[PDB]
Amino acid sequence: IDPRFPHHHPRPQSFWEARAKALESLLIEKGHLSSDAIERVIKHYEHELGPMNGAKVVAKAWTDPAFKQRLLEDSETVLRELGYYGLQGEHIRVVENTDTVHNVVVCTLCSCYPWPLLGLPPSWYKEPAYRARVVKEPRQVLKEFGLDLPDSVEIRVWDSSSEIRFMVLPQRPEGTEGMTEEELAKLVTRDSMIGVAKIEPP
């Protein structure tokens, strides 16, 4: 490494791995962490949480108009009553897609996403391409997901710059006559709750 140019040389990903193990080891040795505390977190985010919680909310809104109306009027109260509350989900707002309004959510500055409701974010949601472009050329971005909106549909992009979080309520598709709430929940994709996809008819 030429000392004029240390900034050309990234840390290898092996460094981050080693550093993680070093932090773990030091913190356990000093009594700050425990094996089981670390494992508890991993279990929570990898397995206990996930987009099935948002899917339940969407299916309930589709099946129960009174619930939908309460959800849109005061989502924080409603979601908390359902138990979809916790770290990074203290203040969750629901934004409704309509025929002429399409909502898309981002965290341009990082990765913010309502874990208690949706679980961990998509890979692409955290990376620069989506974050940089969706606020400026959302139609071009949405086309890369297969969603080609007419010029006449307004797009609202929601940048998660505070601790307030946003979840998109997608429209129920055609072809779903007679489906139960549980069957409808199975149709609700993670991507539809971010706004990068509509729901296909079955």
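From 1 onward, residues are counted along the sequence shown.
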Item to check | Mean Cα B-factor comparison, 160 to 168 or 44 to 52, giving the higher one as deposited | outcome: 44 to 52
Next on the checklist: Highest mean C-alpha temperature factor of the two stretches 150 to 158 and 134 to 142, which is it?
Outcome noted: 150 to 158
Checklist entry - Out of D99, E81, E96, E127, which residue has the highest Cα temperature factor in the PDB record? => result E81
Item to check | Lowest, middle or highest third - CA B-factor, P201 | outcome: highest
Item to check | Third of the chain, ranked by Cα B-factor, where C107 sits | outcome: lowest
Item to check | Assigned third (lowest, middle, highest) for the C-alpha B factor of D191 | outcome: lowest
Checklist entry - Among the modelled residues of its chain, does the C-alpha B-factor of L71 lie in the lowest, middle or highest third? => result highest
